[PDB]
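Peer 1: Okay, so here is target.txt, and as you'll see once you scroll down, it has compact mmCIF, N, CA and C atoms.
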```
# COMPACT_ATOMS: atom_id res chain seq x y z
N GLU A 737 -164.98 120.04 85.30
CA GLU A 737 -165.82 121.25 85.34
C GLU A 737 -167.32 120.96 85.53
N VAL A 738 -167.62 120.08 86.47
CA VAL A 738 -169.01 119.82 86.83
C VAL A 738 -169.09 119.61 88.34
N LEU A 739 -170.15 120.14 88.96
CA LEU A 739 -170.34 120.09 90.40
C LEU A 739 -171.70 119.49 90.69
N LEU A 740 -171.73 118.39 91.42
CA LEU A 740 -172.98 117.69 91.68
C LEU A 740 -173.62 118.24 92.94
N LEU A 741 -174.94 118.39 92.90
CA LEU A 741 -175.72 118.98 93.97
C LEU A 741 -176.75 117.98 94.48
N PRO A 742 -177.19 118.12 95.73
CA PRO A 742 -178.32 117.28 96.18
C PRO A 742 -179.65 117.72 95.61
N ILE A 743 -179.89 119.02 95.50
CA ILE A 743 -181.21 119.55 95.20
C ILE A 743 -181.27 120.03 93.75
N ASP A 744 -182.47 120.39 93.33
CA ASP A 744 -182.70 120.89 91.99
C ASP A 744 -182.51 122.39 91.97
N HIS A 745 -181.93 122.90 90.89
CA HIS A 745 -181.66 124.32 90.75
C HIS A 745 -182.22 124.81 89.43
N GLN A 746 -182.50 126.10 89.37
CA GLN A 746 -182.89 126.77 88.14
C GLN A 746 -182.27 128.16 88.10
N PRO A 747 -181.95 128.66 86.91
CA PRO A 747 -181.43 130.02 86.80
C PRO A 747 -182.52 131.04 87.08
N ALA A 748 -182.17 132.07 87.83
CA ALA A 748 -183.10 133.16 88.09
C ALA A 748 -183.28 133.96 86.81
N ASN A 749 -184.52 134.03 86.34
CA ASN A 749 -184.78 134.70 85.07
C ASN A 749 -184.70 136.21 85.22
N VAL A 750 -185.17 136.73 86.35
CA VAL A 750 -185.18 138.15 86.59
C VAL A 750 -184.07 138.49 87.57
N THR A 751 -183.82 139.79 87.74
CA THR A 751 -182.85 140.26 88.70
C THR A 751 -183.46 141.06 89.83
N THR A 752 -184.77 141.29 89.82
CA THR A 752 -185.50 141.83 90.96
C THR A 752 -186.31 140.69 91.55
N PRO A 753 -185.78 139.96 92.52
CA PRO A 753 -186.46 138.75 92.99
C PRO A 753 -187.64 139.08 93.89
N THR A 754 -188.59 138.16 93.91
CA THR A 754 -189.83 138.34 94.65
C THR A 754 -190.36 136.98 95.06
N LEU A 755 -191.24 137.00 96.06
CA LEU A 755 -191.69 135.78 96.72
C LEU A 755 -192.54 134.93 95.78
N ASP A 756 -192.20 133.64 95.67
CA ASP A 756 -193.04 132.69 94.97
C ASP A 756 -193.04 131.37 95.73
N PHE A 757 -193.92 130.46 95.31
CA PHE A 757 -194.08 129.18 95.98
C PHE A 757 -193.82 127.96 95.10
N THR A 758 -193.70 128.13 93.78
CA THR A 758 -193.33 127.02 92.91
C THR A 758 -191.86 126.68 93.13
N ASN A 759 -191.63 125.68 93.97
CA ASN A 759 -190.39 125.55 94.71
C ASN A 759 -190.37 124.18 95.36
N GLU A 760 -189.27 123.44 95.23
CA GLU A 760 -189.27 122.04 95.66
C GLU A 760 -189.31 121.90 97.17
N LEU A 761 -188.57 122.73 97.90
CA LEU A 761 -188.62 122.67 99.35
C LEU A 761 -189.91 123.25 99.91
N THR A 762 -190.54 124.18 99.20
CA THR A 762 -191.87 124.62 99.58
C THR A 762 -192.90 123.51 99.38
N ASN A 763 -192.78 122.74 98.29
CA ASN A 763 -193.58 121.53 98.13
C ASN A 763 -193.36 120.56 99.28
N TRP A 764 -192.11 120.42 99.72
CA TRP A 764 -191.79 119.51 100.82
C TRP A 764 -192.44 119.95 102.13
N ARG A 765 -192.33 121.24 102.46
CA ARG A 765 -192.97 121.78 103.65
C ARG A 765 -194.49 121.64 103.58
N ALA A 766 -195.06 121.84 102.39
CA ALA A 766 -196.49 121.69 102.22
C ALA A 766 -196.93 120.25 102.41
N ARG A 767 -196.14 119.28 101.93
CA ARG A 767 -196.55 117.88 102.07
C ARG A 767 -196.44 117.40 103.51
N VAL A 768 -195.43 117.87 104.25
CA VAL A 768 -195.34 117.53 105.67
C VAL A 768 -196.51 118.13 106.45
N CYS A 769 -196.88 119.38 106.13
CA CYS A 769 -198.05 119.98 106.77
C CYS A 769 -199.34 119.27 106.40
N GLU A 770 -199.47 118.79 105.15
CA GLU A 770 -200.68 118.06 104.77
C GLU A 770 -200.76 116.71 105.46
N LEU A 771 -199.62 116.05 105.67
CA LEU A 771 -199.62 114.81 106.43
C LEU A 771 -200.08 115.04 107.86
N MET A 772 -199.57 116.10 108.50
CA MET A 772 -199.98 116.34 109.89
C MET A 772 -201.43 116.79 110.00
N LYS A 773 -201.95 117.49 108.99
CA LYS A 773 -203.39 117.76 108.95
C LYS A 773 -204.20 116.48 108.78
N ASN A 774 -203.71 115.54 107.97
CA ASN A 774 -204.40 114.26 107.85
C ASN A 774 -204.24 113.40 109.10
N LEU A 775 -203.20 113.65 109.88
CA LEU A 775 -203.02 112.95 111.15
C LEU A 775 -204.01 113.43 112.20
N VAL A 776 -204.28 114.73 112.23
CA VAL A 776 -205.10 115.26 113.33
C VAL A 776 -206.60 115.14 113.08
N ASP A 777 -207.02 114.40 112.05
CA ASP A 777 -208.44 114.04 111.90
C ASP A 777 -208.55 112.54 111.66
N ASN A 778 -208.62 111.81 112.77
CA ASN A 778 -208.64 110.36 112.74
C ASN A 778 -209.59 109.92 113.85
N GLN A 779 -210.34 108.84 113.60
CA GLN A 779 -211.28 108.35 114.59
C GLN A 779 -210.59 107.72 115.79
N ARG A 780 -209.32 107.35 115.66
CA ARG A 780 -208.55 106.85 116.78
C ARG A 780 -207.82 107.95 117.54
N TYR A 781 -207.76 109.15 117.00
CA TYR A 781 -206.83 110.18 117.46
C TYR A 781 -207.52 111.45 117.91
N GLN A 782 -208.45 111.97 117.11
CA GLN A 782 -209.18 113.19 117.48
C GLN A 782 -210.11 113.05 118.69
N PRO A 783 -210.80 111.93 118.96
CA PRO A 783 -211.50 111.81 120.26
C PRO A 783 -210.60 111.84 121.48
N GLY A 784 -209.28 111.70 121.33
CA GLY A 784 -208.38 111.95 122.43
C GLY A 784 -208.17 113.42 122.76
N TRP A 785 -208.66 114.33 121.92
CA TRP A 785 -208.46 115.76 122.11
C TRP A 785 -209.78 116.46 122.40
N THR A 786 -209.66 117.74 122.73
CA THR A 786 -210.80 118.64 122.85
C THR A 786 -211.16 119.17 121.47
N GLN A 787 -211.96 120.23 121.42
CA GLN A 787 -212.34 120.84 120.15
C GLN A 787 -211.49 122.05 119.81
N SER A 788 -211.24 122.92 120.79
CA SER A 788 -210.40 124.09 120.59
C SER A 788 -208.96 123.73 120.28
N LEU A 789 -208.47 122.61 120.80
CA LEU A 789 -207.12 122.18 120.49
C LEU A 789 -207.02 121.70 119.05
N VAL A 790 -208.05 121.02 118.55
CA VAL A 790 -208.10 120.64 117.14
C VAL A 790 -208.12 121.87 116.25
N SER A 791 -208.95 122.86 116.60
CA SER A 791 -209.04 124.08 115.80
C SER A 791 -207.74 124.88 115.80
N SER A 792 -207.10 125.03 116.95
CA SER A 792 -205.84 125.75 117.02
C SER A 792 -204.71 125.01 116.32
N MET A 793 -204.68 123.67 116.41
CA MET A 793 -203.63 122.91 115.74
C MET A 793 -203.78 122.98 114.23
N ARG A 794 -205.01 122.91 113.73
CA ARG A 794 -205.23 123.03 112.29
C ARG A 794 -204.92 124.43 111.79
N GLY A 795 -205.22 125.46 112.59
CA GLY A 795 -204.82 126.81 112.22
C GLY A 795 -203.32 127.00 112.18
N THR A 796 -202.60 126.44 113.15
CA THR A 796 -201.14 126.55 113.19
C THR A 796 -200.49 125.83 112.02
N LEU A 797 -200.99 124.65 111.66
CA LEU A 797 -200.45 123.96 110.49
C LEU A 797 -200.79 124.68 109.19
N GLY A 798 -202.00 125.25 109.08
CA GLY A 798 -202.35 126.01 107.90
C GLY A 798 -201.54 127.28 107.74
N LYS A 799 -201.06 127.84 108.84
CA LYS A 799 -200.18 129.00 108.74
C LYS A 799 -198.72 128.62 108.54
N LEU A 800 -198.27 127.47 109.04
CA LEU A 800 -196.91 127.02 108.75
C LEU A 800 -196.75 126.54 107.32
N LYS A 801 -197.83 126.12 106.66
CA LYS A 801 -197.71 125.84 105.24
C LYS A 801 -197.52 127.12 104.43
N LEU A 802 -198.14 128.22 104.85
CA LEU A 802 -198.16 129.45 104.08
C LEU A 802 -197.25 130.53 104.64
N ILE A 803 -196.38 130.19 105.60
CA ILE A 803 -195.35 131.13 106.03
C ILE A 803 -194.43 131.46 104.86
N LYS A 804 -194.01 132.72 104.79
CA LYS A 804 -193.19 133.20 103.70
C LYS A 804 -191.74 133.32 104.13
N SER A 805 -190.84 132.87 103.26
CA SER A 805 -189.41 132.92 103.49
C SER A 805 -188.73 132.70 102.15
N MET A 806 -187.73 133.50 101.85
CA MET A 806 -187.08 133.44 100.56
C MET A 806 -186.03 132.33 100.48
N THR A 807 -185.82 131.59 101.57
CA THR A 807 -184.76 130.59 101.64
C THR A 807 -184.90 129.42 100.66
N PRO A 808 -186.08 128.81 100.41
CA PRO A 808 -186.11 127.76 99.37
C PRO A 808 -185.90 128.30 97.96
N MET A 809 -186.45 129.48 97.66
CA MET A 809 -186.16 130.14 96.39
C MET A 809 -184.68 130.47 96.27
N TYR A 810 -184.07 130.86 97.39
CA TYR A 810 -182.64 131.11 97.42
C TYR A 810 -181.85 129.86 97.09
N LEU A 811 -182.18 128.74 97.73
CA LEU A 811 -181.50 127.48 97.48
C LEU A 811 -181.72 126.96 96.07
N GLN A 812 -182.86 127.25 95.45
CA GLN A 812 -183.06 126.76 94.10
C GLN A 812 -182.58 127.72 93.03
N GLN A 813 -182.26 128.97 93.36
CA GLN A 813 -181.81 129.89 92.32
C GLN A 813 -180.42 130.46 92.54
N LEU A 814 -180.12 131.00 93.72
CA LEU A 814 -178.93 131.82 93.90
C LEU A 814 -177.78 131.08 94.56
N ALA A 815 -178.08 130.16 95.47
CA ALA A 815 -177.01 129.44 96.16
C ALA A 815 -176.14 128.55 95.27
N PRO A 816 -176.64 127.79 94.28
CA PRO A 816 -175.70 127.06 93.41
C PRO A 816 -174.83 127.95 92.55
N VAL A 817 -175.31 129.13 92.18
CA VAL A 817 -174.51 130.07 91.40
C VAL A 817 -173.30 130.53 92.20
N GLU A 818 -173.52 130.94 93.44
CA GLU A 818 -172.39 131.40 94.23
C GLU A 818 -171.52 130.26 94.74
N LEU A 819 -172.06 129.04 94.88
CA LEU A 819 -171.17 127.91 95.12
C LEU A 819 -170.25 127.65 93.94
N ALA A 820 -170.78 127.76 92.71
CA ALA A 820 -169.94 127.62 91.53
C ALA A 820 -168.95 128.77 91.38
N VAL A 821 -169.28 129.94 91.92
CA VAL A 821 -168.33 131.04 91.93
C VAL A 821 -167.21 130.79 92.93
N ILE A 822 -167.55 130.34 94.14
CA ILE A 822 -166.56 130.15 95.20
C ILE A 822 -165.62 128.99 94.89
N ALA A 823 -166.15 127.91 94.29
CA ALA A 823 -165.46 126.62 94.29
C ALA A 823 -164.07 126.55 93.66
N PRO A 824 -163.69 127.33 92.61
CA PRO A 824 -162.27 127.30 92.20
C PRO A 824 -161.31 127.91 93.20
N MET A 825 -161.57 129.14 93.65
CA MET A 825 -160.68 129.83 94.59
C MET A 825 -160.86 129.21 95.96
N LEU A 826 -160.14 128.13 96.18
CA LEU A 826 -160.36 127.29 97.34
C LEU A 826 -159.11 126.45 97.54
N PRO A 827 -158.54 126.43 98.75
CA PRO A 827 -157.27 125.72 98.95
C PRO A 827 -157.40 124.22 98.89
N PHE A 828 -158.58 123.68 99.15
CA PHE A 828 -158.82 122.25 99.06
C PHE A 828 -159.88 122.05 97.99
N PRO A 829 -159.53 121.50 96.83
CA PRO A 829 -160.48 121.43 95.70
C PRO A 829 -161.62 120.47 96.00
N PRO A 830 -162.76 120.61 95.32
CA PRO A 830 -163.91 119.75 95.61
C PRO A 830 -163.65 118.29 95.28
N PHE A 831 -164.26 117.42 96.08
CA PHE A 831 -164.02 115.98 96.01
C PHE A 831 -165.38 115.32 96.21
N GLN A 832 -165.98 114.84 95.12
CA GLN A 832 -167.35 114.36 95.18
C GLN A 832 -167.51 112.96 94.60
N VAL A 833 -168.36 112.18 95.25
CA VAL A 833 -168.90 110.92 94.74
C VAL A 833 -170.33 111.24 94.32
N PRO A 834 -170.94 110.52 93.37
CA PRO A 834 -172.25 110.95 92.87
C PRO A 834 -173.37 110.75 93.87
N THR B 786 -220.05 116.06 131.01
CA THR B 786 -220.17 117.20 130.12
C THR B 786 -219.27 116.99 128.90
N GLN B 787 -219.27 117.96 128.01
CA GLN B 787 -218.25 118.03 126.98
C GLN B 787 -216.92 118.39 127.63
N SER B 788 -215.83 117.98 126.98
CA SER B 788 -214.43 118.21 127.35
C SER B 788 -214.05 117.53 128.66
N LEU B 789 -214.88 116.64 129.18
CA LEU B 789 -214.47 115.68 130.18
C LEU B 789 -214.36 114.29 129.61
N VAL B 790 -215.33 113.91 128.78
CA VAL B 790 -215.31 112.61 128.14
C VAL B 790 -214.16 112.53 127.16
N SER B 791 -213.84 113.64 126.50
CA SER B 791 -212.75 113.67 125.53
C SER B 791 -211.40 113.48 126.21
N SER B 792 -211.16 114.20 127.30
CA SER B 792 -209.92 114.02 128.05
C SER B 792 -209.85 112.66 128.73
N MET B 793 -211.00 112.08 129.09
CA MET B 793 -211.01 110.72 129.63
C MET B 793 -210.59 109.71 128.57
N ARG B 794 -211.14 109.83 127.36
CA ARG B 794 -210.72 108.97 126.26
C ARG B 794 -209.26 109.16 125.92
N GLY B 795 -208.76 110.39 125.98
CA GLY B 795 -207.35 110.62 125.72
C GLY B 795 -206.44 110.02 126.76
N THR B 796 -206.82 110.13 128.04
CA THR B 796 -206.04 109.53 129.12
C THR B 796 -206.02 108.01 129.00
N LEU B 797 -207.16 107.41 128.66
CA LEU B 797 -207.19 105.95 128.52
C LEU B 797 -206.42 105.48 127.29
N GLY B 798 -206.57 106.18 126.16
CA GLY B 798 -205.86 105.80 124.95
C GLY B 798 -204.37 106.04 125.02
N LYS B 799 -203.93 106.92 125.91
CA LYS B 799 -202.50 107.11 126.14
C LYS B 799 -201.95 106.12 127.15
N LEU B 800 -202.73 105.83 128.19
CA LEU B 800 -202.34 104.87 129.21
C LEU B 800 -202.32 103.44 128.67
N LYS B 801 -203.06 103.18 127.59
CA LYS B 801 -202.87 101.93 126.86
C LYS B 801 -201.52 101.89 126.16
N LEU B 802 -201.11 103.01 125.57
CA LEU B 802 -199.88 103.08 124.78
C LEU B 802 -198.68 103.56 125.59
N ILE B 803 -198.74 103.48 126.92
CA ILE B 803 -197.56 103.78 127.73
C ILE B 803 -196.46 102.77 127.43
N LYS B 804 -195.21 103.23 127.48
CA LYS B 804 -194.04 102.44 127.10
C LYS B 804 -193.34 101.96 128.37
N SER B 805 -193.71 100.77 128.84
CA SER B 805 -193.09 100.18 130.01
C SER B 805 -192.54 98.81 129.67
N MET B 806 -191.37 98.50 130.21
CA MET B 806 -190.67 97.25 129.91
C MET B 806 -191.04 96.11 130.84
N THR B 807 -191.87 96.37 131.85
CA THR B 807 -192.20 95.35 132.84
C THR B 807 -192.96 94.13 132.28
N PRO B 808 -193.94 94.24 131.37
CA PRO B 808 -194.51 93.00 130.82
C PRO B 808 -193.55 92.21 129.96
N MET B 809 -192.60 92.87 129.31
CA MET B 809 -191.55 92.16 128.59
C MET B 809 -190.65 91.40 129.55
N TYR B 810 -190.26 92.06 130.64
CA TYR B 810 -189.40 91.46 131.64
C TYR B 810 -190.03 90.24 132.28
N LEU B 811 -191.30 90.34 132.67
CA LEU B 811 -192.00 89.25 133.34
C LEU B 811 -192.17 88.00 132.48
N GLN B 812 -192.08 88.11 131.15
CA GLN B 812 -192.12 86.93 130.31
C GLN B 812 -190.78 86.51 129.74
N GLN B 813 -189.77 87.36 129.75
CA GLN B 813 -188.51 86.95 129.14
C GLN B 813 -187.38 86.73 130.13
N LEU B 814 -187.29 87.54 131.17
CA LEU B 814 -186.12 87.51 132.03
C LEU B 814 -186.43 87.12 133.46
N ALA B 815 -187.60 87.47 133.98
CA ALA B 815 -187.96 87.03 135.32
C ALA B 815 -188.11 85.52 135.49
N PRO B 816 -188.65 84.73 134.55
CA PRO B 816 -188.61 83.27 134.76
C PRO B 816 -187.22 82.67 134.76
N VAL B 817 -186.32 83.13 133.90
CA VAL B 817 -184.97 82.57 133.92
C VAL B 817 -184.20 83.04 135.15
N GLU B 818 -184.53 84.20 135.71
CA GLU B 818 -183.89 84.60 136.97
C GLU B 818 -184.42 83.79 138.14
N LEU B 819 -185.72 83.48 138.16
CA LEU B 819 -186.23 82.59 139.19
C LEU B 819 -185.63 81.20 139.07
N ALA B 820 -185.44 80.70 137.85
CA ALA B 820 -184.80 79.41 137.65
C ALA B 820 -183.33 79.43 138.03
N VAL B 821 -182.67 80.59 137.91
CA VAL B 821 -181.29 80.71 138.38
C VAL B 821 -181.23 80.70 139.90
N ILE B 822 -182.10 81.47 140.56
CA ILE B 822 -182.01 81.63 142.01
C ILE B 822 -182.45 80.38 142.75
N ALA B 823 -183.53 79.74 142.28
CA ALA B 823 -184.27 78.77 143.08
C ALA B 823 -183.53 77.55 143.66
N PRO B 824 -182.46 77.00 143.07
CA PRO B 824 -181.76 75.93 143.79
C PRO B 824 -180.99 76.41 145.01
N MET B 825 -180.50 77.64 145.02
CA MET B 825 -179.70 78.12 146.15
C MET B 825 -180.56 78.85 147.17
N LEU B 826 -181.64 78.19 147.60
CA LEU B 826 -182.47 78.75 148.65
C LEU B 826 -182.46 77.83 149.86
N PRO B 827 -182.44 78.39 151.07
CA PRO B 827 -182.45 77.53 152.26
C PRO B 827 -183.79 76.85 152.48
N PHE B 828 -184.87 77.47 152.04
CA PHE B 828 -186.18 76.84 152.04
C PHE B 828 -186.51 76.57 150.58
N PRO B 829 -186.28 75.35 150.09
CA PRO B 829 -186.41 75.11 148.65
C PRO B 829 -187.87 75.07 148.23
N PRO B 830 -188.18 75.34 146.95
CA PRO B 830 -189.55 75.69 146.57
C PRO B 830 -190.55 74.56 146.73
N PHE B 831 -191.76 74.94 147.12
CA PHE B 831 -192.81 74.03 147.56
C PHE B 831 -194.10 74.48 146.89
N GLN B 832 -194.53 73.77 145.85
CA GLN B 832 -195.61 74.24 145.00
C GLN B 832 -196.72 73.21 144.84
N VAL B 833 -197.95 73.72 144.78
CA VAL B 833 -199.13 72.98 144.34
C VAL B 833 -199.51 73.59 143.00
N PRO B 834 -200.22 72.89 142.10
CA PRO B 834 -200.36 73.41 140.73
C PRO B 834 -201.25 74.64 140.63
```
Show how you would write the structure in this file as C-alpha cells.

Peer 2:
Amino acid sequence: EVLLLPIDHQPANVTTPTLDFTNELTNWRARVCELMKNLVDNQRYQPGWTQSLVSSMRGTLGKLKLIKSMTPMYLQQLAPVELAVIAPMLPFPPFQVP
Amino acid sequence: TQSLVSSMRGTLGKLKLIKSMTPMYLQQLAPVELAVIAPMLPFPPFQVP
C-alpha cells in the first residue's frame, strides 16, 4: 500500500484552487529562465548581437518565467491523489523499483 | 555605424565556431590514405623537402 513518485507532492489545503508559484516545477522553469538570462549577457556572446535583439530576448525570457499555468500546481497537489484513486481498479497492478 | 560592427563580430565569432570535419580529416585520415595510395602509382612520388 505505497506508491513511489518521481516528484514532490502536497495535499491541497483548500478546495477552491487558485494560482500560486511556490511550486517545484515553477522553481525549475524559473531557474532555466535565469540561466538563459545569464547566458545572454556575456562579453563573448552579447557583442555578437544587436541591441533590440538583446532587449526582446530578455523580455521574452522574463515573460516565460512569469507565464501562468495551473499544471505544476496540478502535478504537486491533485495528480498524485487521482493516481492513488485509479491505481487499484486496474487490470495490471503497479510494478515499481525505487 | 552601429549594428554593422555587431553583426560583423557575430559573423566572425560564428565562422570561428563552424563545425567542419575537414581539419580533422587532413590530420587523421588523409595522410594514411596518401600512404595507402602512393605505392600503386604509375608515376611514383618525387619530393624535395

Peer 1: Would you mind listing, as a ChimeraX atom specification, all residues of chain A that have at least one atom within 8 Å of chain B, where all atoms listed in the file are what counts?

Peer 2: /A:780-787

Peer 1: What gap, in Å, lies between atom N of residue 831 (chain A) and CA of residue 747 (chain A)?

Peer 2: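 These atoms are spaced 23.2 Å apart.
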
Peer 1: Would you mind writing down, as JSON, numbers by chain, each residue of chain A that DSSP on the backbone assigns to helix (DSSP H, G or I)?

Peer 2: {"A": [760, 761, 762, 763, 764, 765, 766, 767, 768, 769, 770, 771, 772, 773, 774, 775, 782, 783, 784, 788, 789, 790, 791, 792, 793, 794, 795, 796, 797, 798, 799, 800, 801, 807, 808, 809, 810, 811, 812, 813, 815, 816, 817, 818, 819, 820, 821, 822]}

Peer 1: Expressed in Å to a single decimal, how great is the separation between CA of residue 766 (chain A) and CA of residue 754 (chain A)?

Peer 2: 19.5 Å

Peer 1: Taking all atoms listed in the file into account, name the residue in A:807, A:791, A:798, A:752 that is nearest to residue 773 (chain A).

Peer 2: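 The closest residue to residue 773 (chain A) is A:798.
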